[PDB]
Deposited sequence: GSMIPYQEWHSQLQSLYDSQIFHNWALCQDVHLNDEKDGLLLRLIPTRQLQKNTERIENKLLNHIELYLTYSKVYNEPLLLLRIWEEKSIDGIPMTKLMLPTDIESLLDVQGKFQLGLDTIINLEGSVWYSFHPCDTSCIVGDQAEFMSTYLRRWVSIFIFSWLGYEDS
């Protein structure tokens, strides 16, 4: 693990949102900042290999672990009896959709339930990669975290 304090997360999250980085990301359909500005929902544009899908990322702060928490869910279209239908993708399939690159998902399967909605805790790696010995680089934590936890499996380009 790592630690970034909440005040630092809050600030960097607003700064990131303001930067327009997600707004000008061509992948990204729309961006939303929660009321507390604690959290950010990204909706990716329709993707087939990355029968179309729609990917949702909820960027949040875990107050228990003091680290960002990336919540994942995916809408899949599926032909049922010849009829196109939409369902929420099941985790084991999310595990296939992805590893095809980044074959490793860390730790234990973890479903986060948000007011009735089911999300996947996304953990390709240990967030401790992001910090150095002395925490010198704290100011860019979130930005670099984005590169590792998001851009790495969904290319900016």
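Participant: Which runs of the deposited chain sequence never show up in the coordinates?
Facilitator: Unmodelled stretches: 51-60, 168-169.
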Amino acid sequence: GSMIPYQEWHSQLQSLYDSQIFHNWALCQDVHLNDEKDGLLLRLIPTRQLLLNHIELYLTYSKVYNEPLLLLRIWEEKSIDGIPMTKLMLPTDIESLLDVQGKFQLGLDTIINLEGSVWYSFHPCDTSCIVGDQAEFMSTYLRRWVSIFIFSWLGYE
From here on, numbers count along this sequence of modelled residues.
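Participant: If you average the CA temperature factors as listed in the entry, which stretch comes out higher, 129-137 or 145-153?
Facilitator: Here the higher of the two C-alpha B-factor means belongs to 129-137.
Participant: On average, are the C-alpha B-factors higher in 67-75 or in 80-88?
Facilitator: Comparing 67-75 with 80-88, the higher average CA B-factor belongs to 80-88.
Participant: Highest Cα B-factor in the deposition, which of 119, 122, 61, 104?
Facilitator: Highest C-alpha B-factor among the listed residues goes to 104.
Participant: Out of 55, 97, 111, 41, which shows the largest CA B-factor listed in the entry?
Facilitator: By C-alpha B-factor in the record, 97 ranks first.
Participant: So where's residue 12 on the chain's Cα temperature factor ranking, which third?
Facilitator: For residue 12, whose C-alpha B-factor we compare with every modelled residue in the chain, the answer is the lowest third.
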